[PDB]
$ cat my_file_9.pdb   # PDB, C-alpha atoms and all ligand atoms
ATOM      1  CA  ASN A  19    -305.959  96.259-150.203
ATOM      2  CA  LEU A  20    -303.089  94.160-151.585
ATOM      3  CA  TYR A  21    -299.548  95.581-151.581
ATOM      4  CA  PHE A  22    -296.573  94.621-153.762
ATOM      5  CA  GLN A  23    -293.134  96.237-154.107
ATOM      6  CA  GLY A  24    -292.577  94.772-157.580
ATOM      7  CA  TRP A  25    -290.334  92.209-159.220
ATOM      8  CA  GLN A  26    -286.642  93.105-159.068
ATOM      9  CA  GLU A  27    -284.761  92.271-162.268
ATOM     10  CA  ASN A  28    -281.377  90.627-161.665
ATOM     11  CA  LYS A  29    -279.759  90.157-165.072
ATOM     12  CA  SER A  30    -276.866  88.328-163.386
ATOM     13  CA  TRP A  31    -278.787  85.035-163.662
ATOM     14  CA  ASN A  32    -278.644  85.323-167.476
ATOM     15  CA  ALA A  33    -275.143  83.830-167.323
ATOM     16  CA  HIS A  34    -276.785  80.561-166.279
ATOM     17  CA  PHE A  35    -278.715  80.483-169.565
ATOM     18  CA  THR A  36    -276.039  81.751-171.943
ATOM     19  CA  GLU A  37    -273.347  79.494-170.478
ATOM     20  CA  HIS A  38    -275.639  76.612-171.487
ATOM     21  CA  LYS A  39    -276.279  78.173-174.919
ATOM     22  CA  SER A  40    -279.925  78.588-173.933
ATOM     23  CA  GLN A  41    -282.607  81.240-173.527
ATOM     24  CA  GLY A  42    -285.210  81.516-170.796
ATOM     25  CA  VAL A  43    -286.452  83.083-167.587
ATOM     26  CA  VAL A  44    -286.308  82.069-163.933
ATOM     27  CA  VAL A  45    -288.714  83.709-161.500
ATOM     28  CA  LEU A  46    -288.251  83.434-157.719
ATOM     29  CA  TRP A  47    -290.492  84.603-154.896
ATOM     30  CA  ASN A  48    -289.291  84.925-151.294
ATOM     31  CA  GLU A  49    -292.400  84.082-149.274
ATOM     32  CA  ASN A  50    -291.218  85.592-145.993
ATOM     33  CA  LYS A  51    -290.032  88.871-147.566
ATOM     34  CA  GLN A  52    -292.872  89.043-150.112
ATOM     35  CA  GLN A  53    -290.220  89.871-152.714
ATOM     36  CA  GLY A  54    -289.941  88.599-156.282
ATOM     37  CA  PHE A  55    -286.854  88.368-158.474
ATOM     38  CA  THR A  56    -286.301  87.520-162.126
ATOM     39  CA  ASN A  57    -283.630  87.691-164.817
ATOM     40  CA  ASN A  58    -286.085  88.898-167.472
ATOM     41  CA  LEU A  59    -289.139  90.895-166.377
ATOM     42  CA  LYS A  60    -290.822  90.754-169.772
ATOM     43  CA  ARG A  61    -290.437  87.047-170.404
ATOM     44  CA  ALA A  62    -291.493  86.560-166.767
ATOM     45  CA  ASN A  63    -294.903  87.964-167.737
ATOM     46  CA  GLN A  64    -295.135  86.314-171.159
ATOM     47  CA  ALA A  65    -297.824  83.616-171.207
ATOM     48  CA  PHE A  66    -297.257  80.188-172.780
ATOM     49  CA  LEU A  67    -299.169  76.935-173.000
ATOM     50  CA  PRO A  68    -298.861  75.282-169.549
ATOM     51  CA  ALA A  69    -298.355  71.818-171.096
ATOM     52  CA  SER A  70    -297.731  69.208-168.351
ATOM     53  CA  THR A  71    -297.670  71.872-165.616
ATOM     54  CA  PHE A  72    -301.444  71.798-166.103
ATOM     55  CA  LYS A  73    -301.363  68.461-164.250
ATOM     56  CA  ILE A  74    -301.295  70.509-161.021
ATOM     57  CA  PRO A  75    -304.674  72.300-161.507
ATOM     58  CA  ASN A  76    -306.004  69.269-163.378
ATOM     59  CA  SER A  77    -305.207  66.979-160.395
ATOM     60  CA  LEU A  78    -306.768  69.438-157.933
ATOM     61  CA  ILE A  79    -310.052  69.572-159.874
ATOM     62  CA  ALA A  80    -310.222  65.818-160.462
ATOM     63  CA  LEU A  81    -309.739  65.126-156.744
ATOM     64  CA  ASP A  82    -312.191  67.804-155.594
ATOM     65  CA  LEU A  83    -314.963  66.502-157.890
ATOM     66  CA  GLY A  84    -314.392  62.863-156.923
ATOM     67  CA  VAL A  85    -313.094  61.966-160.386
ATOM     68  CA  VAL A  86    -310.027  60.776-158.441
ATOM     69  CA  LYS A  87    -310.916  59.226-155.090
ATOM     70  CA  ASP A  88    -307.443  59.274-153.502
ATOM     71  CA  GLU A  89    -303.764  58.945-154.340
ATOM     72  CA  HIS A  90    -303.876  55.117-154.447
ATOM     73  CA  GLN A  91    -306.652  54.707-157.005
ATOM     74  CA  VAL A  92    -305.364  52.845-160.053
ATOM     75  CA  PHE A  93    -305.983  54.146-163.561
ATOM     76  CA  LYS A  94    -305.376  51.092-165.681
ATOM     77  CA  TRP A  95    -303.495  51.329-168.958
ATOM     78  CA  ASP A  96    -305.848  51.553-171.940
ATOM     79  CA  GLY A  97    -303.663  49.161-173.938
ATOM     80  CA  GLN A  98    -302.530  51.725-176.522
ATOM     81  CA  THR A  99    -298.729  51.641-176.807
ATOM     82  CA  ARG A 100    -297.219  55.135-176.747
ATOM     83  CA  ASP A 101    -293.786  56.655-177.273
ATOM     84  CA  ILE A 102    -292.986  56.993-173.551
ATOM     85  CA  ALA A 103    -292.478  53.536-172.036
ATOM     86  CA  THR A 104    -293.414  54.528-168.484
ATOM     87  CA  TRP A 105    -296.842  55.506-169.871
ATOM     88  CA  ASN A 106    -297.601  51.916-170.967
ATOM     89  CA  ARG A 107    -298.601  50.622-167.527
ATOM     90  CA  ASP A 108    -301.063  51.228-164.727
ATOM     91  CA  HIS A 109    -300.700  54.357-162.618
ATOM     92  CA  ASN A 110    -301.968  56.130-159.559
ATOM     93  CA  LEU A 111    -301.939  59.893-159.049
ATOM     94  CA  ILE A 112    -298.436  59.817-157.549
ATOM     95  CA  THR A 113    -296.901  57.902-160.441
ATOM     96  CA  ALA A 114    -299.049  59.590-163.110
ATOM     97  CA  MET A 115    -297.586  62.887-162.053
ATOM     98  CA  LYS A 116    -294.028  61.634-161.584
ATOM     99  CA  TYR A 117    -293.999  60.154-165.089
ATOM    100  CA  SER A 118    -296.243  62.950-166.455
ATOM    101  CA  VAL A 119    -298.639  60.376-167.950
ATOM    102  CA  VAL A 120    -300.692  62.450-170.410
ATOM    103  CA  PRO A 121    -303.459  59.884-171.232
ATOM    104  CA  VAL A 122    -304.416  59.571-167.575
ATOM    105  CA  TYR A 123    -304.881  63.319-167.323
ATOM    106  CA  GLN A 124    -306.748  63.584-170.637
ATOM    107  CA  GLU A 125    -309.228  61.074-169.189
ATOM    108  CA  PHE A 126    -309.489  63.264-166.070
ATOM    109  CA  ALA A 127    -310.257  66.195-168.354
ATOM    110  CA  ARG A 128    -313.013  64.319-170.196
ATOM    111  CA  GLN A 129    -314.739  63.292-166.962
ATOM    112  CA  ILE A 130    -314.345  66.791-165.527
ATOM    113  CA  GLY A 131    -315.908  68.137-168.712
ATOM    114  CA  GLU A 132    -315.843  71.546-170.381
ATOM    115  CA  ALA A 133    -318.269  73.366-168.087
ATOM    116  CA  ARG A 134    -316.738  72.438-164.732
ATOM    117  CA  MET A 135    -313.179  72.789-166.049
ATOM    118  CA  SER A 136    -313.856  76.379-167.120
ATOM    119  CA  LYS A 137    -315.570  77.259-163.831
ATOM    120  CA  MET A 138    -312.732  75.819-161.740
ATOM    121  CA  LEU A 139    -310.039  77.605-163.750
ATOM    122  CA  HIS A 140    -311.969  80.841-163.249
ATOM    123  CA  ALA A 141    -312.104  80.103-159.515
ATOM    124  CA  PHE A 142    -308.344  79.462-159.554
ATOM    125  CA  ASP A 143    -307.770  82.719-161.489
ATOM    126  CA  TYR A 144    -305.462  80.485-163.524
ATOM    127  CA  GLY A 145    -303.632  82.164-166.409
ATOM    128  CA  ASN A 146    -306.017  83.468-169.044
ATOM    129  CA  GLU A 147    -308.751  81.024-167.864
ATOM    130  CA  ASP A 148    -309.459  80.075-171.516
ATOM    131  CA  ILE A 149    -310.069  76.363-172.201
ATOM    132  CA  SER A 150    -310.958  76.777-175.896
ATOM    133  CA  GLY A 151    -309.973  73.688-177.855
ATOM    134  CA  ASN A 152    -310.390  69.987-177.215
ATOM    135  CA  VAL A 153    -311.596  69.301-173.663
ATOM    136  CA  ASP A 154    -308.778  66.735-173.384
ATOM    137  CA  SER A 155    -305.870  68.694-174.899
ATOM    138  CA  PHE A 156    -306.487  72.459-174.609
ATOM    139  CA  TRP A 157    -303.497  72.804-172.261
ATOM    140  CA  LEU A 158    -301.379  71.190-175.004
ATOM    141  CA  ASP A 159    -302.672  72.963-178.121
ATOM    142  CA  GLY A 160    -305.751  75.055-177.209
ATOM    143  CA  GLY A 161    -306.168  78.586-175.973
ATOM    144  CA  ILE A 162    -304.961  78.424-172.346
ATOM    145  CA  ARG A 163    -301.946  80.627-171.591
ATOM    146  CA  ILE A 164    -300.039  81.304-168.352
ATOM    147  CA  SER A 165    -296.873  83.220-167.501
ATOM    148  CA  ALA A 166    -294.135  82.413-165.013
ATOM    149  CA  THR A 167    -295.454  85.105-162.653
ATOM    150  CA  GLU A 168    -299.008  83.775-162.907
ATOM    151  CA  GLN A 169    -297.612  80.318-162.068
ATOM    152  CA  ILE A 170    -296.140  81.698-158.817
ATOM    153  CA  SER A 171    -299.499  83.311-157.961
ATOM    154  CA  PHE A 172    -301.395  80.053-158.410
ATOM    155  CA  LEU A 173    -298.738  78.014-156.562
ATOM    156  CA  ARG A 174    -298.811  80.435-153.608
ATOM    157  CA  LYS A 175    -302.536  79.843-153.198
ATOM    158  CA  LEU A 176    -301.951  76.076-153.324
ATOM    159  CA  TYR A 177    -299.183  76.270-150.720
ATOM    160  CA  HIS A 178    -301.451  78.114-148.266
ATOM    161  CA  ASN A 179    -304.497  75.923-149.047
ATOM    162  CA  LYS A 180    -306.226  79.059-150.360
ATOM    163  CA  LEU A 181    -307.557  77.628-153.633
ATOM    164  CA  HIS A 182    -311.309  77.109-153.908
ATOM    165  CA  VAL A 183    -311.208  73.344-153.475
ATOM    166  CA  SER A 184    -310.964  71.199-150.362
ATOM    167  CA  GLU A 185    -307.902  71.364-148.121
ATOM    168  CA  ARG A 186    -307.607  67.603-148.635
ATOM    169  CA  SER A 187    -307.464  67.908-152.425
ATOM    170  CA  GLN A 188    -304.683  70.464-152.002
ATOM    171  CA  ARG A 189    -302.724  68.349-149.504
ATOM    172  CA  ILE A 190    -302.945  65.412-151.922
ATOM    173  CA  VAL A 191    -301.644  67.363-154.907
ATOM    174  CA  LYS A 192    -298.784  68.853-152.868
ATOM    175  CA  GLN A 193    -297.947  65.283-151.833
ATOM    176  CA  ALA A 194    -297.950  64.173-155.496
ATOM    177  CA  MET A 195    -295.787  67.210-156.404
ATOM    178  CA  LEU A 196    -292.950  65.962-154.160
ATOM    179  CA  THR A 197    -289.801  65.785-156.209
ATOM    180  CA  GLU A 198    -286.795  65.878-153.901
ATOM    181  CA  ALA A 199    -286.190  66.045-150.160
ATOM    182  CA  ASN A 200    -283.080  65.850-147.987
ATOM    183  CA  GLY A 201    -281.842  67.320-144.716
ATOM    184  CA  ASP A 202    -281.603  70.782-146.332
ATOM    185  CA  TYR A 203    -284.732  71.321-148.412
ATOM    186  CA  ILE A 204    -287.911  69.929-149.922
ATOM    187  CA  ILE A 205    -288.833  70.618-153.568
ATOM    188  CA  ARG A 206    -292.427  70.276-154.724
ATOM    189  CA  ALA A 207    -292.624  71.015-158.435
ATOM    190  CA  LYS A 208    -293.875  69.942-161.845
ATOM    191  CA  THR A 209    -292.021  69.795-165.152
ATOM    192  CA  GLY A 210    -293.511  70.588-168.551
ATOM    193  CA  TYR A 211    -292.542  70.389-172.220
ATOM    194  CA  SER A 212    -294.729  72.230-174.745
ATOM    195  CA  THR A 213    -294.075  70.827-178.247
ATOM    196  CA  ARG A 214    -297.383  70.869-180.133
ATOM    197  CA  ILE A 215    -297.405  74.622-180.920
ATOM    198  CA  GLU A 216    -294.452  76.971-181.342
ATOM    199  CA  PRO A 217    -292.425  78.136-179.598
ATOM    200  CA  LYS A 218    -291.261  74.859-178.051
ATOM    201  CA  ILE A 219    -290.564  75.591-174.374
ATOM    202  CA  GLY A 220    -289.740  73.600-171.248
ATOM    203  CA  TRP A 221    -291.233  74.477-167.851
ATOM    204  CA  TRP A 222    -290.307  73.885-164.228
ATOM    205  CA  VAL A 223    -292.582  75.385-161.587
ATOM    206  CA  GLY A 224    -292.932  74.760-157.894
ATOM    207  CA  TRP A 225    -291.251  75.699-154.659
ATOM    208  CA  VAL A 226    -288.419  75.035-152.229
ATOM    209  CA  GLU A 227    -289.315  74.449-148.574
ATOM    210  CA  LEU A 228    -286.682  75.491-146.041
ATOM    211  CA  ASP A 229    -286.815  75.346-142.250
ATOM    212  CA  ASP A 230    -288.216  78.889-141.952
ATOM    213  CA  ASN A 231    -289.082  80.084-145.449
ATOM    214  CA  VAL A 232    -290.461  78.979-148.800
ATOM    215  CA  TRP A 233    -288.997  80.028-152.144
ATOM    216  CA  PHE A 234    -291.435  79.716-155.018
ATOM    217  CA  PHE A 235    -290.029  79.332-158.520
ATOM    218  CA  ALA A 236    -291.248  79.297-162.088
ATOM    219  CA  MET A 237    -288.964  78.963-165.077
ATOM    220  CA  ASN A 238    -289.375  78.339-168.757
ATOM    221  CA  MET A 239    -286.810  78.172-171.530
ATOM    222  CA  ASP A 240    -286.623  77.723-175.285
ATOM    223  CA  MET A 241    -286.395  73.964-175.904
ATOM    224  CA  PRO A 242    -285.898  73.176-179.605
ATOM    225  CA  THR A 243    -285.247  69.490-178.850
ATOM    226  CA  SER A 244    -285.612  67.154-175.881
ATOM    227  CA  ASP A 245    -281.822  66.797-175.522
ATOM    228  CA  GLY A 246    -281.799  69.865-173.258
ATOM    229  CA  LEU A 247    -284.716  68.958-170.958
ATOM    230  CA  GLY A 248    -282.356  68.397-168.020
ATOM    231  CA  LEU A 249    -281.447  72.085-168.187
ATOM    232  CA  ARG A 250    -284.855  73.046-166.761
ATOM    233  CA  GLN A 251    -283.779  71.726-163.358
ATOM    234  CA  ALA A 252    -280.045  72.369-163.707
ATOM    235  CA  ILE A 253    -280.400  76.077-164.541
ATOM    236  CA  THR A 254    -282.951  76.607-161.778
ATOM    237  CA  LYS A 255    -280.663  74.893-159.250
ATOM    238  CA  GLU A 256    -277.718  77.032-160.389
ATOM    239  CA  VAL A 257    -279.848  80.078-159.598
ATOM    240  CA  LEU A 258    -280.931  78.575-156.275
ATOM    241  CA  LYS A 259    -277.294  77.870-155.389
ATOM    242  CA  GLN A 260    -276.160  81.351-156.450
ATOM    243  CA  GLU A 261    -278.778  82.942-154.158
ATOM    244  CA  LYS A 262    -277.712  80.600-151.283
ATOM    245  CA  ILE A 263    -281.180  79.023-151.140
ATOM    246  CA  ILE A 264    -279.895  75.451-151.477
ATOM    247  CA  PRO A 265    -276.321  74.375-150.570
TER     248      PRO A 265
HETATM  249  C1  LIG B   1    -295.567  67.699-170.287
HETATM  250  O1  LIG B   1    -295.425  68.893-170.517
HETATM  251  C2  LIG B   1    -295.223  66.623-171.286
HETATM  252  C3  LIG B   1    -294.716  65.398-170.534
HETATM  253  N1  LIG B   1    -293.712  65.955-169.647
HETATM  254  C4  LIG B   1    -292.474  65.656-169.834
HETATM  255  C5  LIG B   1    -291.454  66.451-169.046
HETATM  256  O2  LIG B   1    -290.232  66.216-169.161
HETATM  257  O3  LIG B   1    -291.899  67.322-168.268
HETATM  258  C6  LIG B   1    -292.200  64.505-170.770
HETATM  259  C7  LIG B   1    -291.030  64.668-171.734
HETATM  260  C8  LIG B   1    -290.010  63.541-171.593
HETATM  261  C9  LIG B   1    -289.686  63.072-173.000
HETATM  262  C10 LIG B   1    -290.460  64.015-173.911
HETATM  263  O4  LIG B   1    -291.460  64.640-173.094
HETATM  264  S1  LIG B   1    -293.802  64.347-171.614
HETATM  265  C11 LIG B   1    -296.464  66.229-172.063
HETATM  266  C12 LIG B   1    -297.229  67.445-172.572
HETATM  267  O5  LIG B   1    -296.053  65.418-173.162
HETATM  268 CL    CL B   2    -295.006  64.916-148.648
END
$ encode --input "my_file_9.pdb" --output "structure tokens" --more "lines below"
Ligand SMILES: *C(=O)[C@@H]([C@@H]1N=C(C(=O)O)[C@H]([C@H]2CCCO2)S1)[C@@H](C)O
Ligand SMILES: [Cl-]
Amino acid sequence: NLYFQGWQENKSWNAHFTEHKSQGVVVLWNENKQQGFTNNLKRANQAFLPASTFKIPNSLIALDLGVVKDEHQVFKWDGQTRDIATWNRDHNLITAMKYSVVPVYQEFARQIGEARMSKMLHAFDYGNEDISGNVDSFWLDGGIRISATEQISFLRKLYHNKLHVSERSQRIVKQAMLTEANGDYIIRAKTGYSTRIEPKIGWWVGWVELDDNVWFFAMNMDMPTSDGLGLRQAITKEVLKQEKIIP
């Protein structure tokens, strides 16, 4: 039988959003204490399109089915010129995730296919597990929905290698999730920006590795234009600093 004390609501963190003239939620989970904290318990449980944060489960499935052989395999540019310059080149899994290269992952989705994608998402217990829409864009404008607290749940399984895919697939995706590391912490995370369907939100989900603990985080925020995308990380780090998790 699972046990859970509940999410504590700390409305103090709301200052970090209002002082940036913004609206959103940050959710934190203390792995050692098995305690969760948020500034907004309702928005914490509100489900949105995952957008580019779907690259995490998408990468795991592609690797586990052999669609992606390893983190060095090159997915060559299809020659279509797109709005994001870094997309108009060849990529491997590391760089495709760092530059959030959508057309590489849509190709992953097509090769995975509807049937296996649905079955894997059910095995992951991922969000609402609904892939209705185009096989290669349902996480951008289809039926799939996931909340900040469901993101923590999924990430916790990935951290402990508990997802129903190979340990190796999971190690590879956690490698590709690497975002920042120094003498004080490691951050493995994925950004996201949902623009195709309202409301337009930005995501940042992942976790902070310390010497003797892991803090999982999931945040999203209203994002009416791309000028505020940097706030996804800045607001989260302000909360991490306030709680003395990072210096
Ligand atoms: C993912 O959600 C989107 C890609 N991710 C980002 C991001 O910042 O996380 C890119 C931003 C950068 C300029 C505008 O989009 S795109 C994907 C769904 O487009
Ligand atoms: Cl690593």
$ closest_atom_pairs --input "my_file_9.pdb" --of "chain A" --to "ligand CL 2 (chain B)" --cutoff "7 Å" --atoms "all atoms listed in the file" --output "tab-separated table"
residue	atom	partner	partner_atom	distance
A:192	CA	B:CL2	CL	6.9
A:193	CA	B:CL2	CL	4.4
A:196	CA	B:CL2	CL	6.0
$ axis_aligned_box --input "my_file_9.pdb" --around "ligand LIG 1 (chain B)" --padding-each-side "5 Å" --output "lines of an AutoDock Vina configuration file"
center_x = -293.5
center_y = 66.0
center_z = -171.1
size_x = 17.5
size_y = 15.8
size_z = 15.6
$ resolve_selection --input "my_file_9.pdb" --expression "the PyMOL selection byres (((chain A and resi 50) around 8) and not hetatm)" --output "list in words"
residues 48, 49, 51, 52, 231 and 232 of chain A
$ resolve_selection --input "my_file_9.pdb" --expression "the PyMOL selection byres (((not hetatm)) within 12 of (chain B and resi 1))" --output "PyMOL selection string"
chain A and resi 66-74+100-105+114-124+154-159+207-215+218-223+238+241-251
$ write_last_selection --input "my_file_9.pdb" --atoms "C-alpha atoms" --output "mmCIF file, in the frame of the given file"
data_model
loop_
_atom_site.group_PDB
_atom_site.id
_atom_site.type_symbol
_atom_site.label_atom_id
_atom_site.label_comp_id
_atom_site.auth_asym_id
_atom_site.auth_seq_id
_atom_site.Cartn_x
_atom_site.Cartn_y
_atom_site.Cartn_z
ATOM 1 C CA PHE A 66 -297.257 80.188 -172.780
ATOM 2 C CA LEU A 67 -299.169 76.935 -173.000
ATOM 3 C CA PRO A 68 -298.861 75.282 -169.549
ATOM 4 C CA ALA A 69 -298.355 71.818 -171.096
ATOM 5 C CA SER A 70 -297.731 69.208 -168.351
ATOM 6 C CA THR A 71 -297.670 71.872 -165.616
ATOM 7 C CA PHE A 72 -301.444 71.798 -166.103
ATOM 8 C CA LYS A 73 -301.363 68.461 -164.250
ATOM 9 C CA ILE A 74 -301.295 70.509 -161.021
ATOM 10 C CA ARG A 100 -297.219 55.135 -176.747
ATOM 11 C CA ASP A 101 -293.786 56.655 -177.273
ATOM 12 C CA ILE A 102 -292.986 56.993 -173.551
ATOM 13 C CA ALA A 103 -292.478 53.536 -172.036
ATOM 14 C CA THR A 104 -293.414 54.528 -168.484
ATOM 15 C CA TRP A 105 -296.842 55.506 -169.871
ATOM 16 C CA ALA A 114 -299.049 59.590 -163.110
ATOM 17 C CA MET A 115 -297.586 62.887 -162.053
ATOM 18 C CA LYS A 116 -294.028 61.634 -161.584
ATOM 19 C CA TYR A 117 -293.999 60.154 -165.089
ATOM 20 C CA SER A 118 -296.243 62.950 -166.455
ATOM 21 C CA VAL A 119 -298.639 60.376 -167.950
ATOM 22 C CA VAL A 120 -300.692 62.450 -170.410
ATOM 23 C CA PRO A 121 -303.459 59.884 -171.232
ATOM 24 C CA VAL A 122 -304.416 59.571 -167.575
ATOM 25 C CA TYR A 123 -304.881 63.319 -167.323
ATOM 26 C CA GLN A 124 -306.748 63.584 -170.637
ATOM 27 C CA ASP A 154 -308.778 66.735 -173.384
ATOM 28 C CA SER A 155 -305.870 68.694 -174.899
ATOM 29 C CA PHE A 156 -306.487 72.459 -174.609
ATOM 30 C CA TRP A 157 -303.497 72.804 -172.261
ATOM 31 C CA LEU A 158 -301.379 71.190 -175.004
ATOM 32 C CA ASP A 159 -302.672 72.963 -178.121
ATOM 33 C CA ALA A 207 -292.624 71.015 -158.435
ATOM 34 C CA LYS A 208 -293.875 69.942 -161.845
ATOM 35 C CA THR A 209 -292.021 69.795 -165.152
ATOM 36 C CA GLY A 210 -293.511 70.588 -168.551
ATOM 37 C CA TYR A 211 -292.542 70.389 -172.220
ATOM 38 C CA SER A 212 -294.729 72.230 -174.745
ATOM 39 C CA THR A 213 -294.075 70.827 -178.247
ATOM 40 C CA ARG A 214 -297.383 70.869 -180.133
ATOM 41 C CA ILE A 215 -297.405 74.622 -180.920
ATOM 42 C CA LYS A 218 -291.261 74.859 -178.051
ATOM 43 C CA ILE A 219 -290.564 75.591 -174.374
ATOM 44 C CA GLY A 220 -289.740 73.600 -171.248
ATOM 45 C CA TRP A 221 -291.233 74.477 -167.851
ATOM 46 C CA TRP A 222 -290.307 73.885 -164.228
ATOM 47 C CA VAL A 223 -292.582 75.385 -161.587
ATOM 48 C CA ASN A 238 -289.375 78.339 -168.757
ATOM 49 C CA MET A 241 -286.395 73.964 -175.904
ATOM 50 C CA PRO A 242 -285.898 73.176 -179.605
ATOM 51 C CA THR A 243 -285.247 69.490 -178.850
ATOM 52 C CA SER A 244 -285.612 67.154 -175.881
ATOM 53 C CA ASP A 245 -281.822 66.797 -175.522
ATOM 54 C CA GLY A 246 -281.799 69.865 -173.258
ATOM 55 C CA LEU A 247 -284.716 68.958 -170.958
ATOM 56 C CA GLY A 248 -282.356 68.397 -168.020
ATOM 57 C CA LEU A 249 -281.447 72.085 -168.187
ATOM 58 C CA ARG A 250 -284.855 73.046 -166.761
ATOM 59 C CA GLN A 251 -283.779 71.726 -163.358
#
$ residues_around --input "my_file_9.pdb" --residues "residue A:229" --least-positions-apart "3" --cutoff "10 Å" --atoms "all atoms listed in the file" --output "list in words"
residues 201, 202, 203, 204 and 232 of chain A
$ atom_distance --input "my_file_9.pdb" --atom1 "atom CA of residue A:149" --atom2 "atom CA of residue A:94"
26.5 Å
$ residues_around --input "my_file_9.pdb" --residues "stretch 162-169 of chain A" --least-positions-apart "6" --cutoff "9 Å" --atoms "only C-alpha atoms" --output "PyMOL selection string"
chain A and resi 43-46+61-68+143-151+156+221+223-224+235-238
$ resolve_selection --input "my_file_9.pdb" --expression "the PyMOL selection byres (((chain A and resi 205) around 6) and not hetatm)" --output "PyMOL selection string"
chain A and resi 197-198+204+206+225-226
$ closest_residue --input "my_file_9.pdb" --among "A:92, A:263, A:153, A:257" --to "residue A:113" --atoms "only C-alpha atoms"
A:92
$ closest_residue --input "my_file_9.pdb" --among "A:132, A:125, A:37, A:88" --to "residue A:112" --atoms "only C-alpha atoms"
A:88
$ closest_residue --input "my_file_9.pdb" --among "A:58, A:217, A:187, A:36" --to "residue A:86" --atoms "only C-alpha atoms"
A:187
$ closest_residue --input "my_file_9.pdb" --among "A:33, A:138, A:199, A:239" --to "residue A:256" --atoms "all atoms listed in the file"
A:33
$ closest_residue --input "my_file_9.pdb" --among "A:190, A:176, A:59, A:85" --to "residue A:32" --atoms "all atoms listed in the file"
A:59
$ atom_distance --input "my_file_9.pdb" --atom1 "atom CA of residue A:24" --atom2 "atom CA of residue A:54"
6.8 Å
$ atom_distance --input "my_file_9.pdb" --atom1 "atom CA of residue A:127" --atom2 "atom CA of residue A:78"
11.5 Å
$ closest_residue --input "my_file_9.pdb" --among "A:40, A:254, A:152, A:77" --to "residue A:194" --atoms "only C-alpha atoms"
A:77
$ decode --input "my_file_9.pdb" --residues "stretch 229-244 of chain A" --atoms "N, CA and C atoms" --output "compact mmCIF listing (two decimals), in the first residue's frame"
# COMPACT_ATOMS: atom_id res chain seq x y z
N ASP A 229 24.36 16.03 -3.58
CA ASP A 229 25.18 14.96 -3.02
C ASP A 229 24.36 13.85 -2.35
N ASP A 230 23.31 14.21 -1.60
CA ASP A 230 22.59 13.18 -0.85
C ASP A 230 21.08 13.34 -0.96
N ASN A 231 20.59 13.91 -2.05
CA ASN A 231 19.15 14.04 -2.22
C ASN A 231 18.93 14.38 -3.68
N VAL A 232 17.67 14.25 -4.10
CA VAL A 232 17.21 14.67 -5.41
C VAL A 232 15.94 15.48 -5.21
N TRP A 233 15.89 16.67 -5.80
CA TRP A 233 14.68 17.47 -5.84
C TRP A 233 14.11 17.39 -7.24
N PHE A 234 12.92 16.82 -7.37
CA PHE A 234 12.21 16.86 -8.63
C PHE A 234 11.42 18.16 -8.76
N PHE A 235 11.31 18.66 -9.99
CA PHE A 235 10.52 19.86 -10.21
C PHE A 235 9.71 19.75 -11.49
N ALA A 236 8.55 20.41 -11.47
CA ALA A 236 7.76 20.61 -12.67
C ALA A 236 7.10 21.97 -12.55
N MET A 237 7.29 22.81 -13.56
CA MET A 237 6.64 24.10 -13.57
C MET A 237 6.03 24.34 -14.94
N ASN A 238 4.92 25.07 -14.95
CA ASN A 238 4.45 25.66 -16.19
C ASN A 238 3.94 27.06 -15.87
N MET A 239 3.81 27.87 -16.91
CA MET A 239 3.45 29.27 -16.73
C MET A 239 2.80 29.78 -18.00
N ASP A 240 1.84 30.70 -17.84
CA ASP A 240 1.26 31.37 -19.00
C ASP A 240 2.38 32.02 -19.79
N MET A 241 2.35 31.87 -21.12
CA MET A 241 3.43 32.32 -21.99
C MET A 241 2.84 32.92 -23.26
N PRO A 242 2.30 34.14 -23.19
CA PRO A 242 1.61 34.70 -24.36
C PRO A 242 2.53 34.98 -25.53
N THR A 243 3.82 35.22 -25.29
CA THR A 243 4.79 35.32 -26.37
C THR A 243 6.10 34.71 -25.92
N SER A 244 6.98 34.44 -26.90
CA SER A 244 8.26 33.81 -26.64
C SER A 244 9.25 34.72 -25.93
